[PDB]
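Reading through the structure tokens given below for one structure.
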Amino acid sequence: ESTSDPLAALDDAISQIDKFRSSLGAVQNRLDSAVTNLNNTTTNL
Amino acid sequence: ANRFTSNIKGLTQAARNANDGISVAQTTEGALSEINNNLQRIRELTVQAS
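Top to bottom, those sequences are chains M and A.
Numbering-wise (the entry's author numbering), the first sequence opens with residue 455 and increments by one.
Numbering-wise (the entry's author numbering), the second sequence opens with residue 51 and increments by one.
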């Protein structure tokens with residue numbers, strides 16, 4: 455017996471993958487913000 | 051002379067305190083601008099999602 459709804463499962467896997475990638479990108483943006491904040495406050499200190 | 055030197059030392063210390071306050075203000079401004087960047091990005095993302 456083959457898979458009942460193959461395209462649905464494939465789309466679900468792709469959704470999980472690109473959701474994880476979007477999470478990684480958002481965290482990268484947050485880290486860039488944090489590092490530039492630290493870099494500019496170090497000079498004031 | 052003692053009154054004079056007391057006033058002078060006080061003025062010097064006050065100038066130092068003012069410089070310190072300026073540094074504090076600069077740090078707070080940096081933090082506020084960092085928050086402003088994210089606020090603008092949320093603005094653009096909401097415009098995209100509208």
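By construction, the Cβ of each residue, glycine as well, lies at the ideal position given by its N, Cα and C atoms.
Using a C-beta to C-beta distance shorter than 8 Å, which residues of chain M count as neighbours of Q76 (chain A)? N498
Could you spell out the range, first to last residue, of the alpha helix (DSSP H) harbouring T495 (chain M)? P460 to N498
Secondary structure at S100 (chain A), three-state DSSP: helix, strand or coil? coil
Chain M residues whose Cβ lies nearer than 7 Å to that of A99 (chain A): Result: empty, since nearest Cβ-Cβ is about 14 Å, beyond 7 Å.
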